[PDB]
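Report on the following structure.
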Amino acid sequence: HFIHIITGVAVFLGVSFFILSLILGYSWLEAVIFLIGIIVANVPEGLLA
Amino acid sequence: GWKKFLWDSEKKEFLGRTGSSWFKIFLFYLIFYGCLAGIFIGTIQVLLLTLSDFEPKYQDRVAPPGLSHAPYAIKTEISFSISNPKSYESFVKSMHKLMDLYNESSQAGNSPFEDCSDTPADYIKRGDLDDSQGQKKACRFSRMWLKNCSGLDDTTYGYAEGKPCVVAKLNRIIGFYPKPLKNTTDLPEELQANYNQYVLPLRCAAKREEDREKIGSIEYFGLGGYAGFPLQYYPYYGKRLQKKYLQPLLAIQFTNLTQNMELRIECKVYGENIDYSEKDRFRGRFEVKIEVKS
Amino acid sequence: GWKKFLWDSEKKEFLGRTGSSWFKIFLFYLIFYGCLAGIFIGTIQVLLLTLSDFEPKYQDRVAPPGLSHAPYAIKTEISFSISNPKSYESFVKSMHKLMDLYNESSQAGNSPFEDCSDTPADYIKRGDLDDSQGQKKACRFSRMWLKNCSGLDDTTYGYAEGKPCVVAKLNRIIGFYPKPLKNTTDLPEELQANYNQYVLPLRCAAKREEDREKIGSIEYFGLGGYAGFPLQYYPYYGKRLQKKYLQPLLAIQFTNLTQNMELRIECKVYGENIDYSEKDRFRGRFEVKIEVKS
Amino acid sequence: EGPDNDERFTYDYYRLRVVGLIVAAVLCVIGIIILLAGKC
Amino acid sequence: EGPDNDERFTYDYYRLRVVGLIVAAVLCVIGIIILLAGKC
Amino acid sequence: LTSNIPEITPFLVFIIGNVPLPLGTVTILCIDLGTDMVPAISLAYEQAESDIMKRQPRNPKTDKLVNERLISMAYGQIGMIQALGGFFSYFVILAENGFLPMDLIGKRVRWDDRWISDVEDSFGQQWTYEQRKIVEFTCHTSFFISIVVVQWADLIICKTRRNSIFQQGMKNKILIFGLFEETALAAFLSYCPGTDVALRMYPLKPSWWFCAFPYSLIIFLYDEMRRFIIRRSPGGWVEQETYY
Amino acid sequence: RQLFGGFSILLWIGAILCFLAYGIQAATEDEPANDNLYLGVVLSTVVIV
Ligand SMILES: C=C(/C=C\C[C@@H](O)[C@@H](O)[C@H](O)C/C=C/C=C\[C@@H](O)C[C@@H]1O[C@H](C[C@@H](O)[C@H](O)C[C@H]2O[C@H]([C@H](O)[C@H](O)CC[C@H](O)/C=C/[C@H](C)[C@@H](O)C[C@]3(O)O[C@H](C[C@@H](O)CCCCCCC[C@@]45C[C@@H](C)C[C@@](C)(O4)[C@@H](C[C@@H](C)CCCCC[C@@H](O)[C@H](O)[C@H](O)[C@@H](O)[C@H](O)[C@H]4O[C@H](C[C@H](O)[C@H](O)/C(C)=C/[C@H](O)C[C@@H](C)[C@H](O)C(=O)N/C=C/C(=O)NCCCO)[C@H](O)[C@@H](O)[C@@H]4O)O5)[C@H](O)[C@@H](O)[C@H]3O)C[C@@H](O)[C@@H]2O)[C@@H](O)[C@H](O)[C@H]1O)CC[C@H](O)[C@@H](O)[C@H](O)[C@H](C)C[C@H]1O[C@H](/C=C\[C@@H](O)[C@H](O)C[C@@H]2C[C@@H]3C[C@H](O2)[C@@H](CC[C@H]2O[C@H](CN)C[C@H]2O)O3)[C@@H](O)[C@H](O)[C@H]1O
Ligand SMILES: CCCCCCCC/C=C\CCCCCCCC(=O)OC[C@H](COP(=O)(O)OCC[N+](C)(C)C)OC(=O)CCCCCCC/C=C\CCCCCCCC
Ligand SMILES: CCCCCCCC/C=C\CCCCCCCC(=O)OC[C@H](COP(=O)(O)OCC[N+](C)(C)C)OC(=O)CCCCCCC/C=C\CCCCCCCC
Ligand SMILES: CCCCCCCC/C=C\CCCCCCCC(=O)OC[C@H](COP(=O)(O)OCC[N+](C)(C)C)OC(=O)CCCCCCC/C=C\CCCCCCCC
Ligand SMILES: CCCCCCCC/C=C\CCCCCCCC(=O)OC[C@H](COP(=O)(O)OCC[N+](C)(C)C)OC(=O)CCCCCCC/C=C\CCCCCCCC
Ligand SMILES: CCCCCCCC/C=C\CCCCCCCC(=O)OC[C@H](COP(=O)(O)OCC[N+](C)(C)C)OC(=O)CCCCCCC/C=C\CCCCCCCC
Ligand SMILES: CCCCCCCC/C=C\CCCCCCCC(=O)OC[C@H](COP(=O)(O)OCC[N+](C)(C)C)OC(=O)CCCCCCC/C=C\CCCCCCCC
Ligand SMILES: CC(C)CCC[C@@H](C)[C@H]1CC[C@H]2[C@@H]3CC=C4C[C@@H](O)CC[C@]4(C)[C@H]3CC[C@]12C
Ligand SMILES: CC(C)CCC[C@@H](C)[C@H]1CC[C@H]2[C@@H]3CC=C4C[C@@H](O)CC[C@]4(C)[C@H]3CC[C@]12C
Ligand SMILES: CC(C)CCC[C@@H](C)[C@H]1CC[C@H]2[C@@H]3CC=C4C[C@@H](O)CC[C@]4(C)[C@H]3CC[C@]12C
Ligand SMILES: CC(C)CCC[C@@H](C)[C@H]1CC[C@H]2[C@@H]3CC=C4C[C@@H](O)CC[C@]4(C)[C@H]3CC[C@]12C
Ligand code: NA
Ligand code: NA
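As structure tokens, then:
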């Protein structure tokens, strides 16, 4: 359950970091590279083990 | 010098500096002493936290308990004339101050005072040292129990005709259980008779072997007629958990006292967790100098 | 759920808590993040104090000095067509940006520029690293010294007819004294002729043995006509103590360059406190790929 | 905590004095060693 | 401070590495000793 | 969950504020594998506080493992502090090597360009490409160490949630093992002769190791008081808000 | 499921990409660098452990 919520929070922030990057002039590609990295860094790893 | 040091009008200086300087130094000292005050207050608050409200963290200094008395005698001497009434006033005012707290009017209603055995009994535990069951209940102690020294019949308490009383009291200690000596073959001479286990014995005597003869009849008044303190009034739970608590008292009448002569009377309590000290002359025992000069 | 979690009207809650709760939590976080910000700012101010304004505390990373160049070539390649003018524009714009700082109009008046020997000379010490004698004085460096690459005659600087120039420059280091190699029997082949002690030599060559033949006449332009840097422009006292300071420059014309072929040219400076690195290809030396395809 | 709660009124001052003396002796020794190192 | 002020551009990284390694080895040993004290 | 904040804040200031990258890929992998594996396992082995049986049972409906309070202590309060501690070691390394703080805002665009061998610092010196990359890497290593140093504190405060460590005691041997071993990993990787070429970590000078010390003591003292207030005032504001 | 699950998959990519970065280098540029080869050798060792 928890993991689910966090994932929701993470996906949101990813899209946001996307609009911020383009309002500041990054390359269309750099914004997706950032979305992928941020969502990977917000979801915790190991909890169930 | 005289004028230039007090006030010069070229550099605009008073006592030695100008305006902006006095303002900067005063402002600095105000801010500095404010940081100092705030830090001291914080380090003192953490200490007020650390401790508990129902129990002193260290109880090794007040142990075992002392033995105080009323009246309030300076240098442990009770000297008064049987004729001049303005001689024993300072004593009666004290005795009265002490007994004035055992008035029945104060001990009224069901709370927070409850009736206890009219005869000495055992300990009574009202729980732990918490706030769970609210204010605990303390046993009532009636004035009348003290027979001839109660201020109810002869307000003076005896000082009027050469027969004084001395209300002895045991120092209140939190969680202290009094333990009397057992009936085994080793026990002082005095204590053998009337060995009520539930009573802590108090017995007075003469400091010197000579004074024995000059001291008359020591008549002790107390709970149940015994010369001691009933174990049922223990233990003491502290002010916060037992407000309106009364400690037992023991009256001592020194009847048949020789006239015009200083008598040294030493009173002493007995018990297991009771120990005397050669330095503190009030730990467990006490000394009184009586001289009824008339 | 849907409604109760958003707004209920019995407990007066929004998103889960009531008003006084949101106010207490928000107030706590504001005060907390304020203490955090203040502490970080103080610990950073002590660091801004610790250091000196005229000298970096550590000078082991920028040593020895590098060797940069204009133009600004990406991947160290200078490729341009002699016909299409829109091919060498990115290069000329850079070359011009660099030379635009040596305009005589900027170096005007007595201050803070002073005239120095028209021929290479020795070091010049303008004192210690203090603020005692104010802003120091730096030697003037005229544009015209560079003969065929100055943008004053042929603005393009050569790229127009297959003869490019390369203005080399030594990285500015505070308190760095350049030390050239001595006349002893051990010295590279090239350096023997024109051993002006006061000049730091710069000499370009071909990376591979084959390319030698395909490279034509390397014509160096500099102070006094030598292929080096005059020692008189050292040492450098730093921006704070020597604003409006100009570093020497050396022009290199690669005349007679084979057409339609990539040529790897490696330039290298020589000296005692000069050392190269197999990892940093800009420490002391530099590489350029030139291909004048037409 | 029961009638026999005598521990609540006892303190091991003996061990405290022993440790305090060991420490005092050690600090003093360190002192002499530093003050005289070299005979000057 | 004169032409021969080369010291201002030198650092003894060798000694630093030696000391850092001695310390690392010591801390690691302390660790093993504590983790295994008793064979459990 | 606390180490998440220091690993993400660098990638944020880097993109927004345009400064040189404070934490990289190799260093981040070092943090996850070093301070989060063995210290975490040691916690399982912890003993019981002397309150375990002197406390009421739990209502599963009202009390959950992951509630809105855990994220309050980890992300919000403790995390932000480990982040500031690593940022100090970063600012210090650059200021000493010539790059000051005011001049750092915006140098990224120019910093990350292999071609500008002329990068000018505050004191006016001119830097090449690897000469400035070396200082940046000395910052990655310092950040790393500042993280292990702050972790020391986070781990100590994690042993108990209601009692102090002076009450609970340092009798856990595995947790100690973890403190000494991590410290060793950081000293080893920073000083070994060859990590430069392979992992990209550079030696740390001695005055730098101490930059994270003030932030490590503040975390410990804060949690200690945070607890004193709990023990004294049940059902208060602190227990409603920070007791996880 | 262990070495090839869901979070490790991304790391498996980092390793792939880096190796391709070294090949285009050694095949093209004379005297290349090696930060990519050791990056791959380090990443792979992490997924394995
Ligand atoms: C593995 C990963 C993947 C990759 C890894 C990667 O890194 C590496 O493996 C490398 O790959 C290695 C691989 C190597 C492979 C091979 C190599 O070996 C070999 C060598 O490679 C070399 C290359 C290499 O050297 C390279 O450099 C590598 C780097 O690559 C990336 C580069 O940057 C960049 O790509 C350079 C490449 C090039 O530039 C590409 C350009 C584009 C493709 C394209 O544009 C070019 C071109 O046009 O493409 C054409 C093809 C077209 O069909 C395509 C169609 C386009 C579609 C258009 C639609 C756009 C779009 C899309 C919509 C959705 C939205 C929308 C808004 O935009 C919408 C709007 C529409 C309407 C727009 C329409 C526009 C039209 C455009 C199109 O038409 C086309 O452009 C057009 O057709 C063109 O033809 C035409 O020319 C057009 O030109 C112009 C167009 C414009 O340009 C363009 O449009 C522009 C500008 C748009 C702008 O946005 C506009 C703005 C201004 C804006 O509008 C604006 O004004 N705003 C103004 C605002 C304003 O005023 N405000 C004022 C305010 C007033 O108040 C013109 O305008 C147009 O008109 C015109 O039409 O529609 C076509 O081909 C050509 O045309 C072509 O030219 C970057 C990297 O990838 C890589 O480094 C080669 O050079 C070499 O030759 C080769 O040998 C995952 C990543 C990791 O996960 C992540 O970590 C990641 O690594 C980090 C993020 C990295 C970052 O950090 C690094 C450092 C450390 C990191 O690693 C850390 O790790 C970070 C981490 C991350 C996280 C967080 C944290 O930190 C950590 C925490 C983790 C912890 O927590 C954990 C717990 N779980 C634990 C622990 O792990 O993890 C850094 O080092 C990184 O740098 C950094 O990034
Ligand atoms: C150049 C440097 C040279 C240094 C060489 C040092 C060599 C080592 C020598 C001594 C080391 C420590 C010795 C430990 C023994 C200490 C004796 C002790 O632990 O005694 C404790 C009892 C006290 O009674 P209590 O606690 O029950 O009382 C009741 C307490 N209440 C009132 C609070 C309830 O002792 C008693 O009863 C009986 C006491 C008998 C006499 C003890 C003598 C103590 C005085 C001096 C010796 C320490 C010298 C240290 C030198 C330092 C240099 C500045
Ligand atoms: C169970 C526990 C058992 C523990 C037992 C430990 C026994 C003691 C063993 C070692 C103690 C310390 C040994 C000291 C020698 C270290 C070697 C050294 O000082 O090398 C330094 C030089 C590096 O060159 P440079 O500084 O001039 O470069 C230029 C630097 N720049 C780029 C910044 C300008 O070395 C060189 O050149 C040549 C290097 C040759 C190879 C050196 C090997 C170093 C790698 C591992 C040995 C250390 C193991 C420690 C174990 C700790 C357990 C975690
Ligand atoms: C090279 C690196 C070195 C690192 C050094 C780190 C030093 C530590 C840093 C700060 C220490 C101060 C933190 C004080 C926080 C308050 C702690 C507190 O309030 O604890 C309360 C507890 C009382 O618990 P209780 O009665 O409920 O237990 C009942 C147990 N039952 C239930 C069995 C009866 O008290 C206790 O445990 C008694 C414990 C007393 C400990 C006092 C320590 C303070 C002394 C100096 C502090 C340093 C000051 C400035 C230093 C700058 C240094 C350069
Ligand atoms: C320059 C400034 C730096 C400031 C940086 C801040 C760093 C972090 C700040 C503070 C963290 C350290 C605090 C250490 C706390 C010591 C507390 C202590 O002493 O509480 C005494 C205990 C209690 O005893 P009890 O019998 O009454 O308990 C009865 C327990 N019941 C009731 C369950 C039976 O006694 C015991 O725990 C038994 C004895 C245990 C002795 C432990 C000694 C080791 C402590 C730390 C190890 C160092 C790790 C760092 C590694 C890096 C080194 C390079
Ligand atoms: C617990 C997990 C947490 C962390 C896990 C991290 C995972 C990483 C896994 C593997 C990383 C492997 C790194 C390989 C080490 C270097 C190998 C290498 O590629 O080196 C190349 C260099 C050559 O450089 P160059 O010629 O360009 O230098 C020119 C210098 N100029 C020009 C200034 C003079 O070689 C040299 O310098 C010679 C020096 C050789 C270095 C010897 C050190 C031995 C390395 C590892 C053994 C330690 C294991 C720990 C055992 C603990 C026992 C208790
Ligand atoms: C490099 C620096 C290293 C050292 C840094 C140290 C920083 C840590 C210092 C303090 C820790 C801050 C903890 C924050 C918690 C405060 C929260 C608070 O406000 O909680 C107040 C509670 C009230 O609870 P309640 O149930 O009545 O609320 C009923 C509420 N209703 C009515 C709404 C239901 O408690 C009360 O009011 C009474 C309790 C008040 C406790 C004050 C404790 C002050 C202790 C230390 C501060 C001094 C440090 C000095 C250092 C100088 C450094 C330069
Ligand atoms: C210059 C700086 C470091 C001084 C900071 C002083 C701090 C520690 C002082 C300033 C005002 C103080 C507070 C003033 C009033 C109260 C109310 C009391 O019922 C509990 C303590 C409490 C909450 C004090 C705690 C300590 C406190 C916050
Ligand atoms: C909660 C507590 C401990 C935070 C205290 C923060 C202190 C250290 C902060 C608060 C405001 C800060 C000051 C703000 C402005 C300036 C002016 C600048 O030109 C020098 C530093 C100086 C003088 C700062 C020094 C540090 C300072 C005094
Ligand atoms: C100033 C720095 C460098 C050293 C500080 C040393 C301090 C911490 C030392 C000096 C003297 C020491 C005390 C000496 C004697 C005793 C008595 C013993 O029964 C308990 C410890 C106690 C109370 C010591 C505690 C630590 C102590 C206070
Ligand atoms: C937390 C408490 C109990 C212990 C704190 C230990 C700290 C002070 C220790 C842990 C590791 C140590 C470092 C290990 C290695 C070196 C390299 C050497 O060339 C200078 C000293 C230096 C930089 C040490 C300084 C002290 C140090 C940082
Ligand atoms: Na992780
Ligand atoms: Na983590």
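Protein chains in written order, with full-length UniProt numbering: chain A, 295 to 343; chain B, 12 to 305; chain C, 12 to 305; chain D, 24 to 63; chain E, 24 to 63; chain F, 785 to 1028; chain G, 99 to 147.
In this text, a Cβ means the ideal position worked out from N, Cα and C, and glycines have one as well.
Give a yes or no on whether the minimum CB-CB distance between residue i and chain F is below 8 Å.
i	result
residue 306 (chain A)	no
residue 145 (chain G)	no
residue 232 (chain C)	no
residue 67 (chain C)	yes
residue 54 (chain C)	yes
residue 310 (chain A)	no
Looking at chain C, is there any beta carbon in it that lies within less than 8 Å of the beta carbon of residue i?
i	result
residue 797 (chain F)	no
residue 804 (chain F)	no
Indicate whether at least one CB of chain A lies closer than 8 Å to the CB of residue i.
i	result
residue 889 (chain F)	no
May I ask you to report which of helix, strand or coil DSSP gives residue i?
i	result
residue 73 (chain C)	coil
residue 33 (chain C)	helix
Hey, could you find the ends of the beta strand (DSSP E) residue i is sitting in?
i	result
residue 214 (chain C)	210 to 217
residue 296 (chain C)	296 to 304
residue 231 (chain B)	228 to 232
residue 264 (chain C)	261 to 266
residue 89 (chain C)	88 to 92
As a quick exercise: from the options, pick the residue whose alpha carbon is nearest that of residue i.
i	options	result
residue 299 (chain C)	F:939, F:899, F:950, F:952	F:899
residue 273 (chain B)	B:287, B:267, B:225, B:176	B:225
residue 114 (chain B)	B:132, B:143, B:157, B:131	B:157
residue 944 (chain F)	F:956, F:910, F:933	F:956
residue 246 (chain C)	C:147, C:185, C:295, C:257	C:185
residue 173 (chain C)	C:116, C:264, C:153	C:264
Starting from residue i, trace the alpha helix (DSSP H) in both directions and tell me its first and last residue.
i	result
residue 241 (chain B)	It is not in any alpha helix (DSSP H) - residue 241 (chain B) instead sits in the beta strand (DSSP E) that spans 239 to 241.
residue 793 (chain F)	788 to 800
residue 811 (chain F)	809 to 819
Determine whether the Cβ of residue i lies closer than 8 Å to any Cβ atom of chain G.
i	result
residue 970 (chain F)	no
Query raised in the report: At a cut of 8 Å, does the stretch 989 to 996 of chain F reach the stretch 790 to 809 of chain F through at least three beta carbon pairs?
Result: no
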